[PDB]
Every structure is written in C-alpha cells, then in structure tokens.
C-alpha cells in the first residue's frame, strides 16, 4: 500500500475499543486531532496517510475532528492546538507532536516519535 486512510474515532467509547484492540496486538496507535478549517491539518492529511502505509499491519492510524466529535472525546486527548498527532500505547497517550509548520517536517518529527515507542 502507498497510502492508508485514517479511521475516524466516533467517541470516547470507540477510543476505548480502539485501545483494547491495540493492547491485544501489543501495538501503539496514532491519533491525528485536527480541525477542518485548519489549513495545516488539511495539508498534513495526505502526508499522514502515506506515513500510515509505511506502518501498515504495525501501527493503526486514526483521526478525530475536534469540532465534530463529542467534547468528552477531545478531553481524552487533552487537546489545545491542532494538528496534534499523538502516539498511544497501553491505553494512554505516550507522546505527541504539535504541527504548525510544513507538513513534511511534521511527518519527520512524527516518525521520530514512532521509532521511540514501536
């Protein structure tokens, strides 16, 4: 695969099920906390989907639109800026990268984060 689509997280209960599945496989997951009005988020999406393909079968990648999902799900991430790309493992957030700049550069910083926990 050259690109893998990020799966949307519906709510806190869905996050719970996602984390139980990741624990079964002893894998981390990636969550892209984003907003649809944020140009940085929009430009990052295709680059994140290319990165997700590089980790197909090893790390599942998810996304959550902070204006559409329930407020209780956004509080699970403790989000304050977008895009916030978090690595979760063993049921909790282990590290995060805050976008804000060129998408390729955010991706290299996310790659460094993945290599620490995978």
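Residue numbers count along the first chain shown, from 1.
> Mean CA B-factor: is it higher for 79 to 87 or for 52 to 60?
Result of the comparison: 52 to 60.
> Mind pulling up the entry and telling me whether 68 to 76 or 32 to 40 has the higher mean Cα temperature factor?
The stretch with the larger mean CA B-factor is 68 to 76.
> Per the entry's values, where does residue 22 land by CA temperature factor relative to the rest of its chain, in the lowest, middle or highest third?
Middle third.
> Which third of the chain holds residue 14 when residues are ordered by C-alpha B factor: lowest, middle or highest?
As the PDB entry reports it, the C-alpha B-factor of residue 14 lands in the middle third of its chain.
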